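Worksheet: the structure to be examined is printed underneath.
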2 protein chains.
Amino acid sequence: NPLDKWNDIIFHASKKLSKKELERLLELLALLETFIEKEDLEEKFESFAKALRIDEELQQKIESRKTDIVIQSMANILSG
Amino acid sequence: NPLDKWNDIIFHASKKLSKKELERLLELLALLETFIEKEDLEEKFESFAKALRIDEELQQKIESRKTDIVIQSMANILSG
C-alpha cells in the first residue's frame, strides 16, 4: 500500500514533476550500476540479490529502504 | 529524447504494466543502495557522483547506461 500511494502520486502529479522525478531515479540507478562496475563488484551484488527470495531479514531491510525511497520521491513531487 | 520516449511508454502503457516496471526499478534501487551500505562504500559513491557535473567522460558513460536501462524498461512493458 505505501507503493500504491507512490504510484498514485506519480500518475497524478503534473507531468513536469513526475517526469523530473522518474529521470532523477533513472540517473541514480545508472550511477549506482556504473559505480558497481567501476569497482568490479558485479558478482558480489548478484549473490547478495538472490537472497531476497528466501531471507526474511533482508526482505525487511529492502522493504524499509523502498519506503524511504518512496517518501523522498513523494516529497520531491510535493515539494515541486 | 530517448528519455522522452521512455516517459511516453510509461505513461501510455497499461497501468498494470507501468506499475510493475516502476516497482521493479524501485526494488533494484533499494537493493543497490543497501548493497553499497552493506559493503561500507557510501563515501566512495558520493565522490564518484560529484564528478558528473564536470567530467565529460563519465557524463557519456552514464548517459549510455541510462539508455540501456530505458531500453530494458521499454522492453519489459512491451513484453508484458
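Residue numbering restarts at 1 in every chain; chains get A, B, ... in the order shown in the C-alpha cells, and ligands count up from 1 in that same order.
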Residue hits in chain B, query chain A, radius 7 Å, only C-alpha atoms, as a ChimeraX atom specification: /B:7,19,26-27,29-32,35,45,62,65-66
Grab the residues selected above and save them as a PDB file, in the first residue's frame with N, CA and C atoms.
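Final output, saved to again_37.pdb:
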ATOM      1  N   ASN B   7       9.298   8.077 -21.047  1.00  0.00           N
ATOM      2  CA  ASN B   7       8.193   8.656 -20.351  1.00  0.00           C
ATOM      3  C   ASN B   7       6.890   8.398 -21.089  1.00  0.00           C
ATOM      4  N   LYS B  19       3.080   0.066 -13.567  1.00  0.00           N
ATOM      5  CA  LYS B  19       3.254  -0.044 -12.112  1.00  0.00           C
ATOM      6  C   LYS B  19       4.275  -1.128 -11.782  1.00  0.00           C
ATOM      7  N   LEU B  26      12.277   0.446  -8.494  1.00  0.00           N
ATOM      8  CA  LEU B  26      12.358   0.860  -7.100  1.00  0.00           C
ATOM      9  C   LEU B  26      13.062  -0.210  -6.315  1.00  0.00           C
ATOM     10  N   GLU B  27      12.701  -1.448  -6.552  1.00  0.00           N
ATOM     11  CA  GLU B  27      13.334  -2.548  -5.803  1.00  0.00           C
ATOM     12  C   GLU B  27      14.812  -2.660  -6.137  1.00  0.00           C
ATOM     13  N   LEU B  29      16.803  -0.243  -7.102  1.00  0.00           N
ATOM     14  CA  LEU B  29      17.437   0.901  -6.412  1.00  0.00           C
ATOM     15  C   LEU B  29      17.661   0.608  -4.943  1.00  0.00           C
ATOM     16  N   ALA B  30      16.657   0.058  -4.304  1.00  0.00           N
ATOM     17  CA  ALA B  30      16.765  -0.327  -2.923  1.00  0.00           C
ATOM     18  C   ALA B  30      17.836  -1.394  -2.714  1.00  0.00           C
ATOM     19  N   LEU B  31      17.922  -2.369  -3.594  1.00  0.00           N
ATOM     20  CA  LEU B  31      18.960  -3.377  -3.484  1.00  0.00           C
ATOM     21  C   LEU B  31      20.328  -2.780  -3.636  1.00  0.00           C
ATOM     22  N   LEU B  32      20.497  -1.920  -4.610  1.00  0.00           N
ATOM     23  CA  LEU B  32      21.776  -1.321  -4.858  1.00  0.00           C
ATOM     24  C   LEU B  32      22.234  -0.455  -3.716  1.00  0.00           C
ATOM     25  N   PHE B  35      23.155  -2.641  -0.801  1.00  0.00           N
ATOM     26  CA  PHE B  35      24.411  -3.291  -1.037  1.00  0.00           C
ATOM     27  C   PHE B  35      25.570  -2.367  -0.752  1.00  0.00           C
ATOM     28  N   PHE B  45      30.994   6.274  -3.084  1.00  0.00           N
ATOM     29  CA  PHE B  45      29.988   6.511  -4.095  1.00  0.00           C
ATOM     30  C   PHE B  45      29.775   7.995  -4.225  1.00  0.00           C
ATOM     31  N   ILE B  62      27.400   7.412 -18.177  1.00  0.00           N
ATOM     32  CA  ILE B  62      26.127   7.416 -17.503  1.00  0.00           C
ATOM     33  C   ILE B  62      24.994   7.579 -18.481  1.00  0.00           C
ATOM     34  N   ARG B  65      24.475   4.356 -20.113  1.00  0.00           N
ATOM     35  CA  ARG B  65      23.837   3.451 -19.149  1.00  0.00           C
ATOM     36  C   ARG B  65      22.335   3.737 -18.982  1.00  0.00           C
ATOM     37  N   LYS B  66      21.972   5.013 -18.910  1.00  0.00           N
ATOM     38  CA  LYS B  66      20.562   5.366 -18.795  1.00  0.00           C
ATOM     39  C   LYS B  66      19.802   4.845 -19.997  1.00  0.00           C
TER      40      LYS B  66
END
Same-sequence superposition of chain B onto chain A, all C-alpha, as a short mmCIF file (atom, residue, chain, number, x, y, z; two decimals) with C-alpha atoms, in the first residue's frame:
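To be explicit, this is the file written out as out_30.cif:
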data_model
loop_
_atom_site.label_atom_id
_atom_site.label_comp_id
_atom_site.auth_asym_id
_atom_site.auth_seq_id
_atom_site.Cartn_x
_atom_site.Cartn_y
_atom_site.Cartn_z
CA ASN B 1 0.00 0.00 0.00
CA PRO B 2 2.80 2.53 0.51
CA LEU B 3 3.75 1.59 -3.03
CA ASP B 4 0.22 2.18 -4.24
CA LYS B 5 0.36 5.67 -2.80
CA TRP B 6 3.67 6.24 -4.63
CA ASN B 7 2.08 5.20 -7.90
CA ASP B 8 -0.95 7.41 -7.22
CA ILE B 9 1.28 10.45 -6.69
CA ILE B 10 3.47 9.70 -9.71
CA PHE B 11 0.48 9.32 -12.06
CA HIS B 12 -1.50 12.20 -10.62
CA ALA B 13 1.21 14.86 -10.17
CA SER B 14 1.90 17.29 -13.04
CA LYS B 15 3.62 15.54 -15.94
CA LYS B 16 6.50 18.02 -15.44
CA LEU B 17 7.19 16.99 -11.83
CA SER B 18 6.68 13.25 -12.33
CA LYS B 19 8.97 13.25 -15.36
CA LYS B 20 11.71 15.06 -13.45
CA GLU B 21 11.42 12.60 -10.53
CA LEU B 22 11.50 9.48 -12.65
CA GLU B 23 14.54 10.88 -14.53
CA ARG B 24 16.20 11.55 -11.18
CA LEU B 25 15.64 7.93 -10.20
CA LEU B 26 16.88 6.68 -13.59
CA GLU B 27 20.05 8.71 -13.24
CA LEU B 28 20.63 7.44 -9.71
CA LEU B 29 20.22 3.84 -10.93
CA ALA B 30 22.66 4.48 -13.71
CA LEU B 31 25.17 5.96 -11.28
CA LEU B 32 24.85 3.08 -8.91
CA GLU B 33 25.20 0.46 -11.58
CA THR B 34 28.17 2.21 -13.08
CA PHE B 35 29.80 2.52 -9.71
CA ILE B 36 29.43 -1.17 -9.03
CA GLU B 37 31.11 -1.96 -12.32
CA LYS B 38 33.83 0.62 -11.81
CA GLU B 39 34.62 -1.15 -8.60
CA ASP B 40 34.27 -4.64 -10.05
CA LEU B 41 31.57 -5.76 -7.68
CA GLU B 42 29.11 -7.26 -10.08
CA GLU B 43 29.25 -10.88 -8.98
CA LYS B 44 29.04 -9.95 -5.35
CA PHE B 45 25.95 -7.85 -5.96
CA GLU B 46 24.34 -10.69 -7.82
CA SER B 47 24.71 -13.15 -4.98
CA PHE B 48 23.52 -10.70 -2.39
CA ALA B 49 20.42 -10.22 -4.53
CA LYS B 50 19.36 -13.86 -4.78
CA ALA B 51 18.87 -13.98 -1.03
CA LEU B 52 15.84 -11.78 -1.19
CA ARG B 53 13.52 -14.57 -2.22
CA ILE B 54 14.32 -16.54 0.90
CA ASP B 55 15.87 -14.28 3.55
CA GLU B 56 13.35 -12.70 5.88
CA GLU B 57 15.76 -10.24 7.34
CA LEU B 58 16.87 -8.80 4.03
CA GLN B 59 13.32 -8.73 2.83
CA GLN B 60 12.64 -6.45 5.81
CA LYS B 61 15.61 -4.21 5.18
CA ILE B 62 14.84 -3.78 1.48
CA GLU B 63 11.22 -3.17 2.22
CA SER B 64 12.19 -0.43 4.71
CA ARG B 65 14.57 1.04 2.11
CA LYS B 66 11.90 1.11 -0.61
CA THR B 67 9.62 3.08 1.69
CA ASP B 68 12.35 5.55 2.38
CA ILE B 69 12.84 6.00 -1.34
CA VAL B 70 9.12 6.44 -1.84
CA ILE B 71 8.96 9.04 0.86
CA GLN B 72 11.76 11.04 -0.66
CA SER B 73 10.21 10.69 -4.07
CA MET B 74 6.86 11.84 -2.85
CA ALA B 75 8.40 14.73 -1.08
CA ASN B 76 10.20 15.78 -4.21
CA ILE B 77 6.97 15.91 -6.13
CA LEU B 78 5.02 17.70 -3.39
CA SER B 79 7.97 19.99 -2.90
CA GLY B 80 7.94 20.95 -6.54
#
